[PDB]
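A short write-up of the structure that comes next.
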2 protein chains.
Amino acid sequence: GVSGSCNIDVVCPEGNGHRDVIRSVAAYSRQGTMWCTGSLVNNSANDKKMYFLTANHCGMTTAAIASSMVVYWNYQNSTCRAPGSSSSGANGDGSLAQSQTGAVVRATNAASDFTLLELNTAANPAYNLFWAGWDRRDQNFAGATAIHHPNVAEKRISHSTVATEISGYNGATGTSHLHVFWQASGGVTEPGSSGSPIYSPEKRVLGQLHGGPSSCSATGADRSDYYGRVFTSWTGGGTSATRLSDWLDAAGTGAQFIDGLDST
Amino acid sequence: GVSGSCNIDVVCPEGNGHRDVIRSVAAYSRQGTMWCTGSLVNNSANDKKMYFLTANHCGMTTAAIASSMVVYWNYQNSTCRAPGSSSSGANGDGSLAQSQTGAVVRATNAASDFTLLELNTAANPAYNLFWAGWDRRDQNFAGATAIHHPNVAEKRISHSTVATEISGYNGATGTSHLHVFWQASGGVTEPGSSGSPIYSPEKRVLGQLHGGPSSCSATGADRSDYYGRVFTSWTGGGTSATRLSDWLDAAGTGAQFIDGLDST
Ligand SMILES: *C[C@@](*)(O)[C@H](CCCCN)NS(=O)(=O)c1ccc(C)cc1
Ligand SMILES: *C[C@@](*)(O)[C@H](CCCCN)NS(=O)(=O)c1ccc(C)cc1
Ligand SMILES: [Cl-]
């Protein structure tokens, strides 16, 4: 696929601290068309359920639509294309051969733009998946990392090395979103990156991409994005079909954050 | 309510050409909290069905939520507060006494951020409603007018006197949205304005507000917004529950555009 050249292929050295959670992230199609990003999340039972977090605006919100989604694992460029180069802006060499079809919708809610699916097919050990941890505490972090499929193309990584902020979407009054500021010449996110995770420094999901002003040409405060918060989605719309808590902590352990789980 | 001072109270002379479609627009609450804008739309049978167009991201997509929504008609400042003045930025004197409760969802679709509700209660003649026309043709216009409740506060009007453009949301590749550019010191839209109509110069709904960079301090290309298009929503997700056509032209007249219908 094709995305902005300033983005950073996950196989680049910039991915060296994220070789586990890289394997959580997937691209998917909707009604056959490459559409959005999501990622696999662990739950407090550490049971490998195929919980797959994405964005509500991607429209994976009915049983009918979820039934025919196709999830593509391990779609990334085989080599590190220099960020900012014509190569990085070119069609990559990723494979779309490792896939699975079908899901059900466990919860969805507009306010924090989240959808939690559960994929129908158990993880194929051969795909070498990872279920990422999460952190639902009400706080900002000193930096964060995005792993995403911009334009639903090969997987990329984008780092933030400044504090997050809490606000409503697009800077409005509110607390539903984490505002993440990209590096002046670093990776960003693009349409199709929606639903991709943002990870704390401890590699725990804090939210999933809603949208924002960033692009490779964006400067200043425009080089940033908003993530619907796990903190907010945890309680969501106050019902099991509109929140994360029933799914990610079904046994009521009281966990405020958990670590990931490998397929190994 | 309180909204940005650059906005223009509908009773101002700027509303002199829109005294009909002003009466289409309402503010509404969601689980009791003032939340978003929507508006009444005519259909090809001219029958006063309470079709009420709003934005999908406002989250009025389930029977439970739609059943408890409250719609507030004729909420506007009684006098024209000078745009840009401290008065315009102050709490207004609108009334929230003319209301009705409850709706059902007729159609919704994420890609053009639309929801078509049908309100449960037939129009009270005393509220003096108007059902606006619509135009589903695939084209730009030379200007456009927004009527909306920014911050879900008193009703405002914003005029665009330059051409619209067609794009995806936030300027992405696509054709799902109408991009409307506000006047350098004119009215804009704000969170809470979502779901409000944009009208052609002929006063026909062309779409409903999704979002965008505008605010009273925005300049240039940022002083603009994106509306999910009626053109796009007409066919929507390809089923009656995901598109406008079955509802706004149930009669199968083949109309490409219709005019409005007054309570009289
Ligand atoms: C849906 C997502 O892929 C995008 C991500 C944009 C990231 C830009 N830096 N979100 S969005 O805001 O463009 C969007 C929101 C709603 C709809 C219906 C489409 C696109
Ligand atoms: C929901 C709407 O009230 C706003 C309108 C913003 C207008 C700015 N000029 N849309 S939004 O983009 O701020 C938005 C989109 C999705 C969600 C969940 C919240 C807000
Ligand atoms: Cl949105």
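When we count neighbours, we look across all protein chains shown, and the Cβ atoms used for this are built from the backbone with ideal geometry, even at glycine. None of the figures in this text is laboratory data; all of them are computed from the coordinates on show.
Overview of values
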item: Inter-copy separations for residue B:20, label at 7 Å along Cα-Cβ, nm, ascending; result: 6.5
item: Average beta-carbon neighbours from other chains, 10 Å sphere, peptide B:103-114; result: 2
item: The protein assembly as shown - charge dipole about Cα centre, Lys and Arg +1 at Cβ, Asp and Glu -1, debye rounded to 20; result: 320
item: Highest to lowest packing among A:76-82, B:194-200, scored as the average C-beta count within 10 Å; result: B:194-200, A:76-82
item: Alpha-carbon Debye profile of segment A:129-259, log10 I(q)/I(0) at 0.12, 0.15, 0.19 Å⁻¹; result: -0.43, -0.67, -1.05
item: Most mobile listed residue (B:125, B:191, B:150) in chain B, GNM with C-alpha springs under 10 Å; result: B:125
item: Net length gained if the chain between residue A:256 and residue A:93 were fully extended (0.36 nm per residue, minus Cα distance); result: 54.7 nm
item: Highest-first arrangement of B:252-263, A:60-71, B:218-229, where packing means the average Cβ count within 10 Å; result: B:218-229, A:60-71, B:252-263
item: Label zone at residue A:63, where the point sits 7 Å out along the Cα-to-Cβ direction: segment A:98-127 residues whose backbone N lies under 11 Å; result: A:104-105
item: Cα pair distances of segment B:111-184 binned at 5 Å [whole percent]; result: 3, 11, 14, 22, 23, 13, 8, 4, 1, 0
item: Value in Å of the Kirkwood radius, where the protein assembly as shown supplies the Cα pairs that are averaged; result: 23.5
item: Residue B:80/residue B:31 FRET efficiency (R0 45 Å; Cβ-Cβ; nearest 0.05); result: 0.85
item: Rotationally averaged projected area of segment B:21-112 (alpha carbon convex hull; nm²); result: 7.5
item: Three-way shape label, segment B:75-199, alpha-carbon gyration tensor, a/c 1.5; result: oblate
item: Alpha-carbon gyration tensor eigenvalues x 5, square-rooted, for segment A:190-250, Å; result: 27, 12, 9
item: Span from the segment A:96-142 Cα centroid across to the segment B:27-93 one, whole angstrom; result: 35
item: Label point 7 Å beyond Cα along the C-beta direction, distances from residue A:84 to other copies (nm, shortest first); result: 4.2
item: Hypothetical label at residue B:137: residues of segment B:192-211 whose amide nitrogen lies under 18 Å (7 Å Cα-Cβ projection); result: B:198-207
item: Projected label distance in nm at residue A:118 and residue B:47, using a 7 Å step from Cα toward the beta-carbon; result: 4.2
